[PDB]
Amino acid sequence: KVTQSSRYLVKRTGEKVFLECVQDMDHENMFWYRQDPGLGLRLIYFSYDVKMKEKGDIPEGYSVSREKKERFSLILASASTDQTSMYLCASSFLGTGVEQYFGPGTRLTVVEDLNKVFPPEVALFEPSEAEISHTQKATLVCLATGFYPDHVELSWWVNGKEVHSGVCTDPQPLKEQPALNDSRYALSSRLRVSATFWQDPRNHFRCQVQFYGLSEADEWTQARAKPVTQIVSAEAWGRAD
């Protein structure tokens, strides 16, 4: 009902950056927010109708456009690292209720050099034998390391189907060097099954990591392979021993 033009962006400092919010619901009101740890949501800009815009609480560094009613464009004239954030748009109108409807969100990372973009390495770690005998359960661990930016989506697949029961992924990727602004990240996930399920050699367990990096409209002059948006996966097969 409310869409945003990108789910994940990585941009160099200085780049002009456009974020689009589009709603086909004929809503008069639209809003742009950013969200950061410790500050929550803050209003950047809003609009009560086509052709209107008013500075929100934190308008500096941003401008907007609303030349058409369906689209509220958020513009970063010259991206700076302090504009790395979760950007959320919303719309509303004067109805029986005045509640806002949020877009899905856009995670923008602003980096000083695109050279620091890296895809994750991904590995799957097999259940301990002592765990199986102590508890009669089997925990697999998926580990993704060395990625930048922290724009990843991890999923477990059992025999070709995505599963959710028995899964836990870290809510936060951890900086592999927290003091560092350009630190690469790591992320782990667990999937736990019964020992008899793991002990079936026909059972297939796949960890899949979707990583969002460079687009093809980005140039790359480096030796290593271009760190594009890609899926990296690892797997294990059940083991009777």
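One rule holds for the numbers: they count along the sequence shown, beginning at 1.
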query: Mean temperature factor over C-alpha atoms, higher-scoring stretch between 39-47 and 183-191; finding: 39-47
query: Mean C-alpha temperature factor, higher of 173-181 and 200-208; finding: 173-181
query: C-alpha B-factor winner, where the candidates are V110, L114, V152, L143; finding: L114
query: From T135, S91, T96, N159, residue of greatest CA B-factor; finding: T96
query: Third assignment of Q222 from its chain's C-alpha B-factors; finding: highest
query: Modelled-residue ranking by C-alpha temperature factor, third containing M30; finding: lowest
query: Chain third (lowest, middle, highest) by recorded CA B-factor, residue given as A77; finding: highest
query: Assigned third (lowest, middle, highest) for the C-alpha B factor of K69; finding: lowest
query: Ranked against its chain, the third holding the CA B-factor of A236; finding: middle
